[PDB]
2 protein chains.
Amino acid sequence: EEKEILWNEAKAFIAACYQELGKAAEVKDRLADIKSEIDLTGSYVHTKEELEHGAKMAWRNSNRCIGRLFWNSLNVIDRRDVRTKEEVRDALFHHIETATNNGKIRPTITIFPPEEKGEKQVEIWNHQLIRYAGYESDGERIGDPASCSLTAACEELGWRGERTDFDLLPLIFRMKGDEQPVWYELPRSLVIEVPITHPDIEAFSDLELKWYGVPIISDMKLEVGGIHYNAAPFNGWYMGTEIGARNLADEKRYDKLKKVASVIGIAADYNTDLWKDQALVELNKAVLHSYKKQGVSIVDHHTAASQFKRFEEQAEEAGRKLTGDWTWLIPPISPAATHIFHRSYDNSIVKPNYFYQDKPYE
Amino acid sequence: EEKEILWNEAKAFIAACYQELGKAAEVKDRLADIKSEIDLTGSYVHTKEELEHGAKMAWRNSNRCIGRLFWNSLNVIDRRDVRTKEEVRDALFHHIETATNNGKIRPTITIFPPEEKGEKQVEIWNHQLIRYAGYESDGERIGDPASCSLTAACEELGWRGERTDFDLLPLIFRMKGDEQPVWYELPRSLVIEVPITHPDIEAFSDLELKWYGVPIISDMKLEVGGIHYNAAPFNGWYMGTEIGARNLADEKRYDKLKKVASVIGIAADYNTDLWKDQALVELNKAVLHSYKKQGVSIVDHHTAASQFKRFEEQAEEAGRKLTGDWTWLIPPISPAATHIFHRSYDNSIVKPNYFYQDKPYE
Ligand code: HEM
Ligand code: HEM
Ligand SMILES: Nc1cccc(CCc2cccc(OCc3ccc4ccc(N)nc4c3)c2)n1
Ligand SMILES: Nc1cccc(CCc2cccc(OCc3ccc4ccc(N)nc4c3)c2)n1
Ligand SMILES: [Cl-]
Ligand SMILES: [Cl-]
């Protein structure tokens, strides 16, 4: 019964995709080719053009993403030909290098072979390709708490972290048929990191903060016309609040606001002093300043929201419905200073899209 | 058919209300009294105790309110005995005075006669009892744009504003049978206002900003057991972001961020400088400082969110379901610094509650 669902999704996807591509006349023959292929094989194989456009549609449909103005310029790398661990590893390394682009971040996705009959071909364990390890024992907190479970999984497989606050996790992924994942240390020459300084407050460097250049989300499933690409890591560039208001600020993450308050010279005693708010602003100013100073792409939430307004206008001009998730679109810093905060959005799910999938570990 | 709906609402309300009040045994006889009363009269009349508790329940059920920890200490003033304009006006004046309480704001509601058969007895036109007028002609912007339509309505009735940025609108309300509302200037001796200064930046007073002490929301309908109290003005104290992040900051309100940036000495040129965020923080620090300096109650969003966490815990301990509206509960300043931002809430509507109703004017 698997193939009846697939056929329906493929009809809807091919019709819409060829329509947008001006190939509506070719729709008829391509679907017949598909229906034969499914009857014979149980599945079908996207053309390069369909795979590229489908990945772009999926970004355009991601309700939670403010960055969607640039959906059509996604650089799609087709790695459905991969068969071995070395090829997976090298394609992951290449993604890091080409997406980094010496700091001028190129929004990129690398697509690996899709699930066959819901059996995975490649299974990536990382949440992002570049991310810091986290440790918790004997009351000692080190690194990124969000990474505790994966870090413990990795250290069961014979990896061992230096237990700095910024250990790079290795790539870790499992191949079909294999029964433990392999892991590979990231070559440091491929990983750009940005030290956090402040434009005005020289003491800010006493915090010794840093973050990595490129967030490469490697654990979501791309669904295009009924085909499930569970391994399809992608990246944009950061919006600064993601680092300054969440990764470095959350009490469950690096929890740095009290130390930020101290180095910027304000007291952290009274809610009514709004010291957390003031610290959040200076930390977020430092993040943008540091990325720009180093020549690594980044966008602030005001410019990002302005770009998203253009996306909304572009949708309307193209007669496409806009969908969005207000609770994820508003930024966590001065949200009411953006137009997003002041309108509502239809949170309907349209496909192609990116979806969550269960982690292979605990 | 009006009375069948009423009977159902009354059963649900009286059962729940007497239950909470430990009067469950009295439920039976009180409902029979109600069913006779509705058969005869078309409606029923709440006891003082039911009206007071029902107003308190309605606040407890207001999904959008972060201030609900204090729902049970609401001071309920029963003015169902009012019949004339002078009595309405004096009860509105008394509400201002007793709720203000020389600055130690007392959360208060004044309840006027309810709708009879959906015909209103008293119809308040003000959105808040104390609010500033707004004007727009010939490209000239004065006052509070949110008040433009009511201000124009008032000036049709023979009132005339001085056209400062902070003219107090008069009370305006209509009595049943009458065909134009009356209006009365507020006695300035009853209206506390707070000039906005900054704790550290003496130049902040050059902005000549002020706001009024007590927000007294006078245009929502209180519904208790099927009875519709359309005229039931109530007040809490302000949460500082309401003034500093919305009333004085919104581009459609007083739009003061560029002037705030100037007096605090930062440039307002580059999104990446986060000058809007920085200005928002200093303006909101000034609002809290000024209310506290003058001795007028106010709460900051951090303390408010801490209190709301206690409300959530109190609900759970009492076996009551919690409902809430996340998009209204998070504050517009540093929302992710509060626990609210990090959980979800059931937005179901339970009654008693406060509801929107159409304005009598345009
Ligand atoms: C080019 C620069 C980009 C920026 C600045 C950007 C910004 C963001 C931000 C800030 C979020 C999280 C919002 C929040 O935490 O509330 C987000 C979510 C998302 N973005 Fe983007 N994004 C960009 C590129 C991309 C790309 C290239 C894709 C895929 C091709 C993508 C797909 C998504 C998805 C799927 C989510 C939601 C993930 C989830 O539900 O967990 N974005 N984006
Ligand atoms: C005692 C101090 C109080 C504080 C600090 C407080 C705080 C707030 C705030 C900040 C909002 C708007 C949230 C936003 O803009 O997103 C709000 C909404 C609300 N509050 Fe409270 N509140 C308090 C007292 C009261 C009282 C006494 C009542 C009624 C008895 C009430 C009923 C409501 C209602 C009904 C709304 C939503 C109004 C609407 O939908 O337009 N609150 N509250
Ligand atoms: N309590 C709360 C309220 C609203 C929203 C949220 C989400 C916070 C969060 C947590 C973990 C991840 C995350 O984002 C994932 C993501 C995916 C794709 C991206 C592409 C580009 C980019 N720059 N960022 C991306 C981030 C958000 N939590
Ligand atoms: N785009 C957006 C997103 C989320 C929430 C909002 C609401 C902004 C708003 C507009 C007008 C009024 C308002 O609040 C009304 C209100 C009612 C009762 C109160 C009791 C006490 C108190 N201190 N404040 C109250 C405020 C909120 N807009
Ligand atoms: Cl991240
Ligand atoms: Cl207000």
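In what follows, chains are A, B, ... by sequence order, proteins preceding strands, each numbered from 1. Only heavy atoms go into these numbers, but all of them, side chains included; no hydrogens, no water, no symmetry mates.
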I need the [X] [atom1] to [Y] [atom2] distance, nearest 0.5 Å.
| X | Y | atom1 | atom2 | result |
| --- | --- | --- | --- | --- |
| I340(B) | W326(B) | CD1 | CH2 | 10.0 Å |
| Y132(B) | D144(B) | OH | CG | 9.5 Å |
| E316(A) | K321(A) | CD | NZ | 11.5 Å |
| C148(A) | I142(A) | SG | CD1 | 10.0 Å |
| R68(B) | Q314(B) | CZ | CD | 10.5 Å |
| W71(B) | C65(B) | CH2 | SG | 13.5 Å |

### Summary
Listed by number, the residues in residues 242-262 of chain A that come under 4.5 Å of chain B (heavy atom to heavy atom) are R246(A), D250(A)
### Task
Tabulate, in ascending numerical order, the residues of residues 279-294 of chain A having at least one heavy atom closer than 4.5 Å to a heavy atom of chain B, or enter 'none'.
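Residues of residues 279-294 of chain A touching chain B at under 4.5 Å: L280(A), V281(A), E282(A), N284(A), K285(A), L288(A), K292(A).
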For residues 267-276 of chain B, which side-chain donor-acceptor pairs fall under 3.5 Å, sequence neighbours excluded?
unit_1: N271(B); atom_1: ND2; unit_2: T303(A); atom_2: OG1; d: 2.9

### Message
Can a side-chain donor-acceptor contact be found between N63(B) and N347(B) if the only test is distance below 3.5 angstrom?
### Response
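Looking only at side-chain atoms, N63(B) and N347(B) do form a donor-acceptor pair, the distance falling under 3.5 Å.
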Report, one line per pair, each donor and acceptor closer than 3.5 Å where one atom sits in a side chain of residues 206-216 of chain B; sequence neighbours left out.
unit_1: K210(B); atom_1: NZ; unit_2: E193(B); atom_2: OE1; d: 3.1
unit_1: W211(B); atom_1: NE1; unit_2: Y238(B); atom_2: OH; d: 3.0
unit_1: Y212(B); atom_1: OH; unit_2: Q128(B); atom_2: OE1; d: 2.6
unit_1: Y212(B); atom_1: OH; unit_2: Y238(B); atom_2: OH; d: 3.0

### Task
Decide side-chain contact (heavy atoms from CB on, under 4.5 Å) for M220(A) and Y356(A); before the verdict, give the C-alpha distance in whole Å, the side-chain angles of both, and the deciding distance to 0.1 Å.
CA-CA 5 Å; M220(A) 311 176 67; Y356(A) 286 158; 4.2 Å; yes
### Task
With a 4.5 angstrom heavy-atom cut-off, could you sort out which part of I330(A) is near chain B: side chain, backbone, both or neither?
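Side chain only.
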